[PDB]
Amino acid sequence: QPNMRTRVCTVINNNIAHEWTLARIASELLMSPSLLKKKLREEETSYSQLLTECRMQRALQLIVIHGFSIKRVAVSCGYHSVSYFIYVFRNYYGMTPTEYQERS
């Protein structure tokens, strides 16, 4: 009995870089987009929040590998824009990907 946010994170983590939208996650779950939006909202989240969170979680795993540039990490997490990826990582972790890469 996994709740709805868990099932969505499971879909997303199967292919993190994928262009996930509400409809595409919903089709995987055999649900209407409207129902999926509804169930996620009852748990105070959206597909896009869950997407981001999944992507930040994956970013931690890749940033530590030798010579994987910040640029490479972003692309592997599905970001087309390194500035934007940096912005969302800094919001999520309190520091830039570069800072994080230098502590580890």
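Along the positive direction of the dipole of the range 4-104 (beta-carbon charges: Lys, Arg +1; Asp, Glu -1; about the Cα centre), which of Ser76, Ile65, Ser104 reaches farthest? Result: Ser76.
Phi angles of the range 59-76 translate, via the Karplus equation with coefficients 6.51, -1.76, 1.60 and θ = phi - 60°, into HN-Hα couplings of 4, 4, 6, 8, 5, 7, 6, 4, x, 5, 5, 3, 3, 5, 4, 4, 5, 5 Hz per residue; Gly and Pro are given as x. Report, ordered by chain and residue number, the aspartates and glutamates lying within cross-link reach of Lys38, taken as a straight Cα distance under 20 Å and ignoring same-chain residues fewer than 8 apart. Cα-Cα hits under 20 Å: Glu28, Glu53. Each Cα pair under 8 Å and six or more residues apart adds its separation to the average, and for the chain the resulting relative contact order is 24 percent. Shown for the chain is the translational diffusion coefficient from the Stokes-Einstein equation, using the Kirkwood radius over Cα pairs, a temperature of 25 °C and a viscosity of 0.890 mPa s: 170 µm²/s. A helix-only calculation puts the chain at -19500 deg cm²/dmol for mean residue ellipticity at 222 nm, using -39500 (n - 2.57) for each DSSP H run of at least four residues, averaged over all residues. By other beta-carbon atoms within 10 Å, ranking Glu99, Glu44 with the fewest at the front produces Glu44, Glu99.
The phi-based Karplus calculation (6.51 cos²θ - 1.76 cosθ + 1.60; θ = phi - 60°) puts the 3J(HN,Hα) values of the range 32-44 at 5, x, 4, 4, 4, 4, 5, 5, 5, 5, 4, 9, 6 Hz, whole numbers, x for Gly and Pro. If you run the Gaussian network model on the chain, springs between alpha carbon atoms under 10 Å, then out of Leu40, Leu30, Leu60 the most flexible one is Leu30.
Derived scalar couplings between HN and Hα for the range 48-54 equal 6, 5, 5, 3, 4, 4, 4 Hz in order, rounded to whole Hz, by the Karplus curve 6.51 cos²θ - 1.76 cosθ + 1.60 (θ = phi - 60°), x for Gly and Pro.
Virtual Cβ from ideal backbone geometry, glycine too; neighbours counted across all protein chains shown. Bear in mind these aren't lab numbers, they're just calculated from the coordinates by the rules spelled out.
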